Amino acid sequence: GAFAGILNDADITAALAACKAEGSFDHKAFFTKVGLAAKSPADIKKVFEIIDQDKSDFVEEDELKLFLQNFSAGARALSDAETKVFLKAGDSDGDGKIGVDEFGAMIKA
(Lines of atoms letter the chains of each structure in order from A and count residues from 1; the text may use other names and numbers.)
(Lines give C-alpha, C1' and ligand atoms only; values in the text may rest on other atoms or scores of the structure.)
Protein backbone atom coordinates (compact mmCIF):
# COMPACT_ATOMS: atom_id res chain seq x y z
CA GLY A 1 0.00 0.00 0.00
CA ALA A 2 0.80 3.69 -0.10
CA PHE A 3 2.25 3.56 3.45
CA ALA A 4 4.69 0.68 2.91
CA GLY A 5 7.80 1.38 4.94
CA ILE A 6 5.80 3.57 7.33
CA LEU A 7 2.82 1.59 8.59
CA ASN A 8 2.00 -2.04 9.18
CA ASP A 9 -0.48 -3.77 6.88
CA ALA A 10 -2.15 -5.71 9.72
CA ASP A 11 -2.64 -2.48 11.66
CA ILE A 12 -4.17 -0.78 8.62
CA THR A 13 -6.55 -3.72 8.11
CA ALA A 14 -7.51 -3.51 11.81
CA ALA A 15 -8.04 0.28 11.80
CA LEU A 16 -10.25 0.03 8.72
CA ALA A 17 -12.30 -2.81 10.20
CA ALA A 18 -12.87 -0.79 13.40
CA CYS A 19 -14.68 1.95 11.43
CA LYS A 20 -16.46 -0.10 8.73
CA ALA A 21 -19.81 0.72 10.29
CA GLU A 22 -21.50 3.98 9.31
CA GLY A 23 -20.87 6.82 11.77
CA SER A 24 -18.22 4.83 13.68
CA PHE A 25 -15.10 6.75 12.64
CA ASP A 26 -13.07 8.19 15.51
CA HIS A 27 -9.71 9.76 14.62
CA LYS A 28 -8.18 9.07 18.07
CA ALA A 29 -8.95 5.34 17.79
CA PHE A 30 -7.94 5.24 14.12
CA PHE A 31 -4.56 6.92 14.73
CA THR A 32 -3.78 4.65 17.67
CA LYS A 33 -4.84 1.39 15.93
CA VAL A 34 -3.17 2.25 12.60
CA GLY A 35 0.16 2.88 14.40
CA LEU A 36 0.57 6.59 13.51
CA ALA A 37 0.66 7.98 17.04
CA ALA A 38 4.37 7.25 17.69
CA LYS A 39 5.77 8.11 14.24
CA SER A 40 8.42 10.77 13.62
CA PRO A 41 7.73 14.16 11.98
CA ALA A 42 9.36 12.89 8.78
CA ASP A 43 6.99 9.91 8.65
CA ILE A 44 3.98 12.06 9.58
CA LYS A 45 4.95 14.48 6.76
CA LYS A 46 5.05 11.62 4.23
CA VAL A 47 1.62 10.47 5.39
CA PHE A 48 0.27 14.00 5.21
CA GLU A 49 1.55 14.42 1.65
CA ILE A 50 -0.34 11.26 0.58
CA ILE A 51 -3.60 12.56 2.10
CA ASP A 52 -3.04 15.98 0.47
CA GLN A 53 -3.95 14.62 -2.98
CA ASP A 54 -3.80 18.01 -4.77
CA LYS A 55 -0.57 19.25 -3.13
CA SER A 56 -2.38 22.35 -1.87
CA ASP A 57 -0.18 22.07 1.28
CA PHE A 58 -3.36 21.53 3.31
CA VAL A 59 -5.86 18.78 3.93
CA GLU A 60 -9.24 20.28 3.11
CA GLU A 61 -12.70 18.84 3.85
CA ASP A 62 -12.99 16.98 0.51
CA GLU A 63 -9.72 15.13 1.19
CA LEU A 64 -10.77 14.35 4.77
CA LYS A 65 -14.02 12.81 3.56
CA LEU A 66 -11.91 10.37 1.50
CA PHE A 67 -9.32 9.85 4.26
CA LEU A 68 -9.88 6.08 4.51
CA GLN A 69 -9.44 5.58 0.77
CA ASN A 70 -5.73 6.41 1.08
CA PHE A 71 -5.42 3.19 3.11
CA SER A 72 -7.65 1.10 0.88
CA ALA A 73 -9.19 2.32 -2.38
CA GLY A 74 -12.24 0.17 -1.56
CA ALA A 75 -12.86 1.88 1.80
CA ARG A 76 -15.96 3.99 2.44
CA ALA A 77 -16.23 7.75 2.38
CA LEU A 78 -16.79 9.40 5.75
CA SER A 79 -20.23 10.92 6.31
CA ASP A 80 -20.52 14.70 6.25
CA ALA A 81 -20.90 14.58 10.03
CA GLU A 82 -17.84 12.37 10.52
CA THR A 83 -15.85 14.69 8.24
CA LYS A 84 -16.91 17.83 10.13
CA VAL A 85 -15.87 16.38 13.52
CA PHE A 86 -12.57 15.28 12.01
CA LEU A 87 -11.96 18.74 10.55
CA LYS A 88 -12.85 20.52 13.81
CA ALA A 89 -10.47 18.26 15.71
CA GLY A 90 -7.55 18.68 13.30
CA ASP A 91 -7.95 22.35 12.45
CA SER A 92 -6.45 23.92 15.61
CA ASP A 93 -6.48 27.50 14.36
CA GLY A 94 -9.99 27.38 12.87
CA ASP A 95 -9.00 28.59 9.38
CA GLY A 96 -10.97 25.80 7.66
CA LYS A 97 -8.10 23.48 6.72
CA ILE A 98 -5.40 21.27 8.21
CA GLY A 99 -1.66 21.81 7.74
CA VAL A 100 1.09 19.28 8.46
CA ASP A 101 1.77 20.68 11.95
CA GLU A 102 -1.92 20.61 12.90
CA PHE A 103 -2.07 17.06 11.52
CA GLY A 104 0.83 15.93 13.70
CA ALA A 105 -0.60 17.67 16.76
CA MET A 106 -3.96 15.91 16.40
CA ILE A 107 -2.13 12.57 16.16
CA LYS A 108 0.00 13.15 19.28
CA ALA A 109 -2.78 14.70 21.38
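Start at 1 with the first residue shown and count on from there.
Enquirer: Can you tell me which third, lowest, middle or highest, the CA B-factor of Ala17 falls into for its chain?
Expert: Lowest third, going by the recorded CA B-factors of the chain.
Enquirer: Comparing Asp11 with the other modelled residues of its chain, is its CA B-factor in the lowest, middle or highest third?
Expert: As the PDB entry reports it, the C-alpha B-factor of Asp11 lands in the lowest third of its chain.
Enquirer: Select lowest, middle or highest to describe the third in which the CA B-factor of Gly104 falls within its chain in this entry.
Expert: Tercile = lowest for this residue's CA B-factor.
Enquirer: Would the CA B-factor of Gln69 place it in the lowest, middle or highest third of its chain?
Expert: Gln69: CA B-factor falls in the lowest third of its chain.
Enquirer: For the chain shown, is the CA B-factor of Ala81 in the lowest, middle or highest third of its modelled residues?
Expert: Ranked within chain, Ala81 CA B lands in the highest tercile.
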